[PDB]
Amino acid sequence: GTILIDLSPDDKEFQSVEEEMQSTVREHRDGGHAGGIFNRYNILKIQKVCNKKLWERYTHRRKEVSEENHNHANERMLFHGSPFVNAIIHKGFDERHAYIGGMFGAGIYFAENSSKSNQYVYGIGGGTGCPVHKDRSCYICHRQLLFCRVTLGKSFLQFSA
């Protein structure tokens, strides 16, 4: 039931999503090993992801969290980069999309920094890079990120390096 609608570059919604993408790039402590060396992106397309069933699954759960947290979902817009982006947009997020080995346990991980999610597009640690050239810093091959609505509710704060 998923359909993808292209946004026009003229649309304010395209433009605000582009700005969040571009303005949250940072340098990484790996010198670009995982994700490549870059200060900015060439945005080729932005599509709106529409699935009624998946949306209702999200809002149902959001209302539950909200009612457990003084009517505050603590909703954010955050990036996610994954080899499984195509399954995610058709079937939703589930246990198969979790980072089993992540620093905060097996769950599904999101970032404020678009460049952090970019490090996972080709797998954990950047995997072997693009399928075509085996290059984690490929400047040719087309990459995809998700910009996602995420319900945090009451969030456990972990200070960490």
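Heads up: residue numbers just count along the shown sequence, starting at 1. Basically, rigid core = biggest C-alpha set you can superpose within 1.5 Å across the two forms.
- Here 52-60 and 90-98 are scored by the root mean square distance of their C-alpha atoms in 9 other deposited structures of this protein, with each structure fitted by the rigid core; the higher score goes to 90-98.
- Where the structures in 9 other deposited structures of this protein are fitted on the rigid core, 99-107 is the one of 99-107 and 22-30 whose C-alphas sit farther from the shown form on average.
- As the entry records it, the average C-alpha temperature factor is higher for 90-98, out of 40-48 and 90-98.
- Taking the PDB entry as given, 5-13 carries the higher mean Cα B factor of the two stretches 5-13 and 149-157.
- Each of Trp55, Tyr120, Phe104, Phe110 has a CA temperature factor in the record; the biggest one is found at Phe104.
- Note on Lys116, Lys134, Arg62, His70: the highest value goes to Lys134, judged by CA B factor as recorded.
- The PDB entry assigns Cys138 a C-alpha temperature factor belonging to the middle third of its chain's modelled residues.
- In the PDB entry, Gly129 places in the highest third of its chain by CA B-factor.
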